[PDB]
Amino acid sequence: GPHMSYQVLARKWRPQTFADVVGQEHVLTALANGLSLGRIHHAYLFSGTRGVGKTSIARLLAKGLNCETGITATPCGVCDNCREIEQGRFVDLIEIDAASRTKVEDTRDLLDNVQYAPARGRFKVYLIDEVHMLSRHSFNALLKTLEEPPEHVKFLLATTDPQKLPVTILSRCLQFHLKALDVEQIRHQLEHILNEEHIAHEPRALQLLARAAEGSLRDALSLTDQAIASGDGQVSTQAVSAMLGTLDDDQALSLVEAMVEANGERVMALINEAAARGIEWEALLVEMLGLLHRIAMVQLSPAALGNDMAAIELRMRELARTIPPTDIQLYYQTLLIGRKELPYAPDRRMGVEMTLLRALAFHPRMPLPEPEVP
Amino acid sequence: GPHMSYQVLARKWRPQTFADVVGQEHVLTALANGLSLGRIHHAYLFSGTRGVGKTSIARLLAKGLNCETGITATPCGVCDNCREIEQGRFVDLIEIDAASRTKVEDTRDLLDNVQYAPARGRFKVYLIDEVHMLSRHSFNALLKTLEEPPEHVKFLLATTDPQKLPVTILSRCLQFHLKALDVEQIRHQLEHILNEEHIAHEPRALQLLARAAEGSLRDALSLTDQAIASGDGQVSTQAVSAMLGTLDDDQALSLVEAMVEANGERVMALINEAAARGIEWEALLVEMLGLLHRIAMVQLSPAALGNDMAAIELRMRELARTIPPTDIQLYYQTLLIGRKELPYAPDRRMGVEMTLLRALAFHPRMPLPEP
Amino acid sequence: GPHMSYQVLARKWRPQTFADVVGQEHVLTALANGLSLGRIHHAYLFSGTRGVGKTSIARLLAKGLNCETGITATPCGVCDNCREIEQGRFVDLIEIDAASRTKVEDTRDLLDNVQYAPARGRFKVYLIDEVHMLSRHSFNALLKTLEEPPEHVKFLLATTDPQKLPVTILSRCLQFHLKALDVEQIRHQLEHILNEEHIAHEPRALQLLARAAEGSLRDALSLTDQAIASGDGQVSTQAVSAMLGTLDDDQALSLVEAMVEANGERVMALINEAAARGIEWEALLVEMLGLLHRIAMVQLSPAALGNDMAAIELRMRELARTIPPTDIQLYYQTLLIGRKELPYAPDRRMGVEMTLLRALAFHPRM
Amino acid sequence: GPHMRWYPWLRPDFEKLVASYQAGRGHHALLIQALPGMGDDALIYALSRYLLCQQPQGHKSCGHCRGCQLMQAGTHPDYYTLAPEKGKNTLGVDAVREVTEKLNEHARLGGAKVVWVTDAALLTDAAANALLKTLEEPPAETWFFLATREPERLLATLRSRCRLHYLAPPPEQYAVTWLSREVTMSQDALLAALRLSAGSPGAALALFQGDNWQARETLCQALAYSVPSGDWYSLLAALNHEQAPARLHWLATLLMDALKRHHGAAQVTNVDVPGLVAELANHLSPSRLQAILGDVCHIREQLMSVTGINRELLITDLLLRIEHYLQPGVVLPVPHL
Amino acid sequence: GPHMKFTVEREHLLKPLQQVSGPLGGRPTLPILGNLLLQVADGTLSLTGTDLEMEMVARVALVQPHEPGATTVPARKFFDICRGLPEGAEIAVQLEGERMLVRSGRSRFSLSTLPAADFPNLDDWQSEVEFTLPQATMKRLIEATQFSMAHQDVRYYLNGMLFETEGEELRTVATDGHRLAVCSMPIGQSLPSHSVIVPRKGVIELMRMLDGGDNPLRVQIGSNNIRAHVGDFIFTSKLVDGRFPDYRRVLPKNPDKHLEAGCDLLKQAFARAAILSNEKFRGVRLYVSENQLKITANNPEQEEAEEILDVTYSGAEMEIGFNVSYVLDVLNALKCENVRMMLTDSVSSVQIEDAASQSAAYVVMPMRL
DNA sequence: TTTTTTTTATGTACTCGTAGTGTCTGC
DNA sequence: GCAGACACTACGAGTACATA
Ligand SMILES: Nc1ncnc2c1ncn2[C@@H]1O[C@H](COP(=O)(O)OP(=O)(O)O)[C@@H](O)[C@H]1O
Ligand SMILES: Nc1ncnc2c1ncn2[C@@H]1O[C@H](COP(=O)(O)OP(=O)(O)O)[C@@H](O)[C@H]1O
Ligand SMILES: Nc1ncnc2c1ncn2[C@@H]1O[C@H](COP(=O)(O)OP(=O)(O)O)[C@@H](O)[C@H]1O
Ligand code: BEF
Ligand code: BEF
Ligand code: BEF
Ligand SMILES: [Mg+2]
Ligand SMILES: [Mg+2]
Ligand SMILES: [Mg+2]
Ligand SMILES: [Zn+2]
Ligand SMILES: [Zn+2]
Ligand SMILES: [Zn+2]
Ligand SMILES: [Zn+2]
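Residues numbered from 1 in each chain as written, not as in the entry; some residues may be left out. Chains lettered and ligands numbered in written order. Part of a larger assembly, values for the part shown. Heavy atoms only, no water.

Below, the discussion takes up the protein's contact with DNA strand F. Not every one of the 30 residues close to DNA strand F is listed here, only the nearest: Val104(A), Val104(B), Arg108(B), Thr102(C) and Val104(C). Near the protein, meaning within 4 Å, the atoms of DNA strand F are sugar or phosphate in a fraction of 100%, with bases accounting for the rest. A distance of 2.6 Å separates a phosphate oxygen of DNA strand F from a polar backbone atom of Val104(A). Between DNA strand F and the protein, one listed contact pairs a phosphate oxygen with a side-chain N or O atom of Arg108(A) at 2.9 Å. (Near = heavy atom within 4 Å. Polar contact = N/O pair within 3.5 Å; in protein donor to acceptor, adjacent residues only side chain to side chain.)

Laid out in structure tokens, this is it:
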């Protein structure tokens, strides 16, 4: 708040203690138990998708390893070591950006200095970021180092796709996996962020931001920063909706209903309104397809619908119980063929209109009238 | 000589301030708000179609970021930093054609040199255009810097295909999407340019150029230069209509009438006549698709048909009256797949012939003569 | 620090006598008989999959060859030579991390010591680990040394892929191939290790840990340590089951099993989990298509199982037997259409869900 | 057409472009769209000769100057050419990168610099994208010249940069007269050759000059034998060759004429072969003809596009699939809807 | 192809042969690039070496009978043949077809040739301007800026160095994007400002040609080429085309903080501190306090190095991190006793200058702070 | 018993031979 | 001086491997 330096939310709000990490209860509990009880393994591999915390948790473990109060599961913020780690100036936290130092010569250099003891630290940490980037010779140079490391050196690896690492490396190092974050967790974290930082916000905009960056919190933080930029320094529903290009679920389902009940004039009116609003036509097709898929899923089971669409939940049910699944299959196929063939239509508006007209003509119940003359 | 070389409109008319943008207001508002406040970021990724403005937007962002007046939403051309950024030779603005240098060695050298302090500039701006062509090794090399860069470093990336970029790189930057320009905006920009250049023009020629630009302003400027070269120093309707091979008669309408009547002899005679005058086939198929769209709309709503095609309204009304919607939809689908198939079987004439034969195949061509 | 002292299960419990190596009976028996009869080949090259004891057995060989009590299959721990083998500081044992010393300069420097007699051992024993990666000129130097080897030098090469080795070295080396450890042996030694330490355990949990590791003992022990860390000091069935669910990777097989049984809730939960475990949807659908192709092929001939499905054979045999070929063909066609249709759909998770729903709709299950 | 023959159907456009280049009102990057053998090479050569040396009278060649001496001998270092390595078939991105950096290193002789890509359709994606910045902002007095047979195949990000010029095919009667003057063959053969090459007189001249006419007549005889018997496999003996895509295009043209005859189109394309089109119309159903045409076009495209694909296997598969289709009771394919 | 009978003495050739040797042999990119051009004309012998972009010829007086012509002789073979002969021994050369017979006393050597026409040359031109500068001054100009040139940088500008003139002053500027080296010296003649850029290799041969003699180096500045003259030696090379960064725009605008100290002490201290510096970055942090200088160095091996220097400083304390290799090179070039430094801010460029006189100046851009 | 058999474009490492560059040691 | 030695570093070429 008071910091005139508008630090990026992706950087300012990096986790400080294990209490500041949202989600990933598996890895958090595992590390807390393996650091309170002891038995610290000599190699870790955090495998997960983008922007889930593959590096910050490694830094938290580094803080928890060599702290002035001993090996602790609660990284303090008072002693010099933890603050030096956070500032990135710490002596023993050797942050090996494996993307740059990927050649086997650099790995040999790293292994040469492994035995030279730590300075002002219980352990020396070799935090190798993006290990899946090293060359094959670099991968294999550190085998006997990983299997029998010195008592004061601990590796902490962090990769996006562990499948590209050789199988023996997956054997040697612990394999911790970080699941993608859920929508509710992202929304709660963003509410925390926009409450700590004095920025007014609206819950619907926060839900939209959380859904638009599914599975990755850094994506959500970047989108929230860009929405703050797009808005007048506040996260409002209108600003987020206009920025994302998404169309509000209520109005897309209104178009879907107008298509299902064979009301051509309502379809045309809603199309004209969307054209006036400037929403991308392909985005409109995407939203209609997503809603049709959600209808199919709620036909599969009523539990398939979460609170995310709660605003129109009733309408959703009123579409699930009134039409057979075969109609949904036909509608999805027609709209998807339309999306596939859109880029070659005379215009995107022309293509979307023609696709909707085709879905209207070919739909089974109360189809369009045919010419009176045979 | 002010033009030692031909400073083509695609280069002379590059925007110099934020007020010269043709209407990318959704991203411009965010940029202006960010620069006006302290909210500044270290990674901007502008994406969208070709010739839409994202390189110009990035250059304008650099000008605003480095001008000695301050961090201004509107950069000042009087500033020396702006004077050097608009041209080449700026010690801070490092522009790298990513496709030119995709090797990981060049990216590694750049990331080795990023550590040094900027020279006389507030921010050392790295503008990497066409970023989608970098080798995956360079992509992974550009991860740890973009996440915690030095304060004096700002990264500006531009690409025409966000999907090709790894999701990790997209996850660290502000993604701005530049919508394709509508017909009206392109026409207004073209009329403003041509009025500023003291070159005569006609509204219909400008409308045709905007229509054929397919939403890209660089396409519009290139077409305008085509018209200037082939229009004796003026943008005239006849010159642009001739160069584009556009249709002024009812050739497309007669062709689709013959096709829906399943008169193969008439269809092929009309296509041979079209080949005789050298009508562009892609435009013919586009016009046929548009006419079929209008047929479907009038079948759904006769009022909608009331349009520019008023002098031929009776024909489309009769076709809508006599043809089922399913046949129109099948015709549109066949012609659309055919349009997808033009840059196949390089002789495009027989490609359109294939498309027309496929369209004709649906209705019975039986020799059975009946009224 | 203030946590007493707890080593790593992978490095600890490494065998120190030939009777402590579990499995690989043929290699140990052959080595024992060769040392008993005095028939020792010039070079022993070990090979096999990861974590089956190649390095450990080679280290045991090096300890045995220089034992003061004599060359035996069961070297004592008494000998100071044996103790120095334990500590890793033995003058007559030359451990060369060939994965690190690949260049010809270092290899030639270390191979120029063949001219010097052993300090305190009968044989100068070279343990060249990870021999598969080695420069071509280093291979030339090693071949020139092995062609005319001194009678007081024995070579102990270890590797994971013997194919990368040149044939000229293979033709001069007695090669011992080590099998992937059987599940029962892995479970037995895991039980014994957990009992020797003061760690409680459960039978089903132990079986799950053994099955999770793909026949490699180091994998089993690493997962054991990770589960103990996650298990709050106890190897409990629920904790390890949840851990392996988080680390579960062969999603496509479970997706096929749920799809063929028309279990909508199960397939929805599986795809939700596969979404949480961030992956590529095109890759998942390609894997599903390939598994269906294999199931269709196996029904025509069992020999289609091959070697890749060694850890998957049990479920694939049941799937091939219990499902008619026509249903498999229809599922393959549906999934192929879905994969062709996937990129144009909404976000690929939606497309995969829709394709799975399309495949599920065929069965009359309600 | 051996090398760079001046073409009268090129004279108008030429002077027009000179009028644009002489007045300093010419785009730096001009994309030529012309048929294969239309003479775009000669147009680019004449333009480069005008540009790269001392200004001549204002038209025709550049006279007897150092520029002409270096250009005719192919020694001018300011005349960069992009041609695929004969061992390869595509423009490696390394060649384009080297050319662009050499261009960035300023000219060697007096005058401007000219970069000419011998064919734009042969550019790979990396090579095509390596030219984007150079086309957008040429260093100084740099003029590009890209030749292609269809601009749509080229990347959209490159078609934006270049001002597009169109070399329209000459009127059919004039081209027929020109070819009859150049080559002594009957009118029907001449017309069929011209329509086969989409009205490109240079391509028809190339077809007549080589053995392509003998290959076409052999294919015609083989088709005449195979159509009634239904033994299309023998056509393999005439279809497998380095020029397989062209012969497949000829086969597709024959099928197109057969369908035309079924519909009784007033215009055809294989004028001098009425017997084959009559036999194809008589012995084959229109749906079968359409299916065979689609398969042949698909196979030709697959042969031409995917580099390194095996010709023999594809041609044999196409012939066997056609054999299967000719048998009664076989479901014909339809275009991907 | 007339017979080619040389009759020469070693003492008149070994130095010219060494001078013309230059960048020959080494990497043969193509044969007709050749070895040497030997030309007999008007009682003079012209010996030419090239690099396909560079040329240099030595003139040797022929005080004995000769036969005019032009041919080639292998570089390394001829050089070693001439070097190995007894001191002062005569050399007699004959041509038979394409064979050179070289005789010294009773020693005979046969050598192969290539046609002189196949050799590549540089087109003649009209010179733009011309200087006649003393050798010592030119050496001072080159040595003060040679080190700062870039090493195969993508920015081709940085791959060379610029010579410009303003009235009676000649200014030489070199840079690589992190270092700047400018040196202005009096000329004695007034010529218009025609800037020229010379590539690194050409500068190397310019340095090699200079012998610190009384004969002034003549230079012809052209448009896209350069020519040099040292006594009987002629040289020519191509030029890098473009514009250098404005050094006045790089030099600090507010050099408020002043420092003065001894060159030897600073160089020795920086050499001591660079031992523990990061071998990939060589970054050292400088703390300037009241009459005290402090240098701190760290490396990935976690070793720390601290050094303290007595200095005169009247400003405020400041921290600044910059490369130690650059300052070591600057101090190596600066051969005087006392050196002054001008500083502005923690991330501002540092100006290094001679305390005795302005003469030459240098600029170092600091590292990340 | 004997020969039979390959898809490129672009990029990234790895390792050895040869040369170019510094510098400094008793020569 | 000092040039050779000796180190040391860089560059080409041949080979192996990855991704699309
Ligand atoms: N579990 C999490 N809890 C809180 N913030 C997170 C979490 N994961 C990611 N972030 C946000 O993302 C930023 C960078 O996260 P990081 O840990 O680098 O992800 P990665 O695993 O890709 O390296 C953090 O500063 C934080 O704001
Ligand atoms: N928003 C805009 N305002 C004005 N001119 C524009 C705009 N966008 C594009 N142009 C025109 O297009 C030319 C190229 O624009 P550019 O910014 O390079 O597009 P890109 O995003 O594809 O790199 C400019 O020189 C300018 O004439
Ligand atoms: N046959 C075996 N018997 C007992 N433990 C084994 C065996 N094979 C592997 N291990 C376990 O794996 C750990 C590492 O074994 P190692 O022999 O180094 O495998 P590698 O063949 O890959 O070098 C050993 O410490 C031991 O715990
Ligand atoms: F940004 Be994370 F390390 F992928
Ligand atoms: F042509 Be733009 F950079 F997409
Ligand atoms: F040490 Be083993 F080869 F994984
Ligand atoms: Mg990370
Ligand atoms: Mg651009
Ligand atoms: Mg091992
Ligand atoms: Zn602490
Ligand atoms: Zn300004
Ligand atoms: Zn013993
Ligand atoms: Zn001329």
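Having put the structure on the table, let's press on.
Take the interface of chain E and chain B next. With 14 residues of chain E at the contact, the number on the chain B side is 16 residues. In this assembly, chain E packs against chain B so that about 1500 Å² is buried in total across both faces, 55% of it on carbon and sulfur atoms. Applying the counting criterion to the chain E and chain B interface returns 1 salt bridge. In this structure, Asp80(B) and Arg249(E) form a salt bridge, with 3.9 Å as the shortest nitrogen-oxygen distance. Seen at the junction of chain E and chain B, the total is 5 residue pairs in polar contact. Along the lines of polarity and charge, the residues of the side of chain E that touches chain B split into 7 nonpolar, 2 polar and 5 charged. (Contact = heavy atoms within 4.5 Å. Buried area = accessible area lost by both parts, 1.4 Å probe. Salt bridge = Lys/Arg side-chain N within 4 Å of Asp/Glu carboxyl O. Nonpolar A, V, L, I, M, F, W, Y, C, P; charged D, E, K, R; others polar.)

The full count for this structure, using the stated rule, is 85 salt bridges over all chains. For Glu147(B), the salt bridge goes to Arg172(B), with nearest N and O atoms at 3.2 Å. Residue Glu147(B) is located in helix α7 (residues 144-147), and its partner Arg172(B) is located in the loop between α8 (167-170) and β5 (174-178); the two are separated by 25 residues in the primary sequence. Measuring nitrogen to oxygen at the nearest pair gives 3.5 Å for the salt bridge that ties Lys260(D) to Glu353(B). In this pair, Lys260(D) sits in helix α13 (residues 244-263) while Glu353(B) sits in helix α19 (residues 348-362), so the two residues belong to two different chains. Relative accessible area serves as the criterion here: at 4%, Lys260(D) is assigned to the buried category. (Helix = DSSP H or I, 4+ residues; strand = E, 2+ residues; numbered from the N terminus. Buried < 20%, exposed > 50% of the residue type's maximum accessible area, 1.4 Å probe, protein only.)

Let's shift gears to the UniProt feature "binding site: Zn(2+)" in chain B. Residues and elements named next belong to chain B. Per the UniProt record, the feature "binding site: Zn(2+)" sits at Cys-67, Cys-76, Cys-79 and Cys-82. Across 16 residues of sequence, these annotated residues stay compact in space, with a maximum C-alpha separation of 7.1 Å. Taking the relative accessible area as the measure of exposure, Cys-76 reaches 16% and is therefore buried. In this structure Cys-76 touches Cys-67, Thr-69 and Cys-82, once residues within four positions along its chain are discounted. Mapping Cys-82 onto the fold places it in helix α4 (residues 80-86). Ignoring any residue separated from it by four or fewer positions in sequence, one finds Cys-82 in contact with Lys-63, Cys-67, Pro-75, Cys-76 and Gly-77. (UniProt positions renumbered as here; feature names shortened; annotations may be inferred.)

A word on the domain arrangement of chain B. Parsing chain B into structural domains produces domain 1 (6-181), domain 2 (182-244) and domain 3 (246-371). On a C-alpha basis, the centroid separation for the pair domain 1 of chain B and domain 3 of chain B is 47 Å. (Domains from an automatic or database assignment.)

Residues and elements named next belong to chain E. With respect to topology, 4 strands assemble into an open sheet ordered β19-β18-β17-β20, the strand pairing being antiparallel. Whereas interior strands pair on both sides, the edge strands pair on one side only; in this sheet they are β19 (304-310) and β20 (318-323). Neighbour to neighbour, the strand axes of the sheet diverge by 20 degrees on average, direction disregarded. Bridging between strand β17 (residues 283-289) and strand β18 (residues 292-298) involves 6 bridges; their strand directions are antiparallel. Bridge pairing in β18 links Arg-285 to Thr-296. On top of the sheet, helix α7 (residues 324-333) reaches β17 and β20; it is set at about 85 degrees to β20, its chief contact. (Pairing = 2+ DSSP bridges. Axes fitted to C-alpha atoms, helices over the stretch in contact; angles between N-to-C directions.)

Turning to the nonpolar core, a few remarks are in order. Membership of the largest hydrophobic core comes to 101 residues, with the highest contact counts inside it found for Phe270(E), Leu286(E) and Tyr362(E). Per element, the largest residue contribution to this core is 7 residues, and it comes from α7(E). Residue contacts for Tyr362(E): discarding those within four places in its chain leaves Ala144(E), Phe147(E), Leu180(E), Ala181(E), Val330(E), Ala333(E), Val350(E), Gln351(E) and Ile352(E). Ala296(A), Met316(A), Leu255(C) and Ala258(C) belong to the second largest nonpolar core, which has 74 residues in total. (Core = buried A, V, L, I, M, F, W, Y, C linked by side-chain atoms within 4.5 Å.)

Okay, the site of ligand 1 next. Not every one of the 17 residues close to ligand 1 is listed here, only the nearest: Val52(A), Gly53(A), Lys54(A), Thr55(A) and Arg218(A). Among the chains of the assembly, those with residues near ligand 1 are chains A and B. One nitrogen or oxygen atom from the main chain of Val22(A) is found 2.8 Å from a nitrogen atom belonging to ligand 1. Contact between ligand 1 and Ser56(A): an oxygen atom at 2.9 Å from a main-chain N or O atom of the residue. Contact with the protein chains covers 99% of the free accessible surface of ligand 1, which is 550 Å². At 3 residues, helix α11 (residues 217-230) of chain A tops the list of elements feeding residues into the shell around ligand 1. Structurally, the shell around ligand 1 is a two-domain feature, drawing no fewer than three residues from each of domain 1 (6-181) and domain 2 (182-244) of chain A. (Areas by Shrake-Rupley, 256 points an atom, 1.4 Å probe, with all protein chains shown as cover.)

All names here are of chain E. As summarised here, the arrangement of the 7 strands in space is β12-β10-β11-β23-β22-β21-β16, forming an open sheet in which the pairing is antiparallel. Single-partner strands in this sheet number two, and they are β12 (196-199) and β16 (257-262). For this sheet, the mean inter-axis angle between neighbouring strands, taken without regard to orientation, is 25 degrees. Two elements, strand β10 (residues 160-175) and β12, share 4 bridges in a ladder whose sense is antiparallel. Its bridge partner being in β12, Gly-160 is matched across the sheet by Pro-199. Contacts from helix α4 (residues 200-209) reach β10 and β12 within the one sheet, and its direction differs from that of β12 by about 85 degrees.

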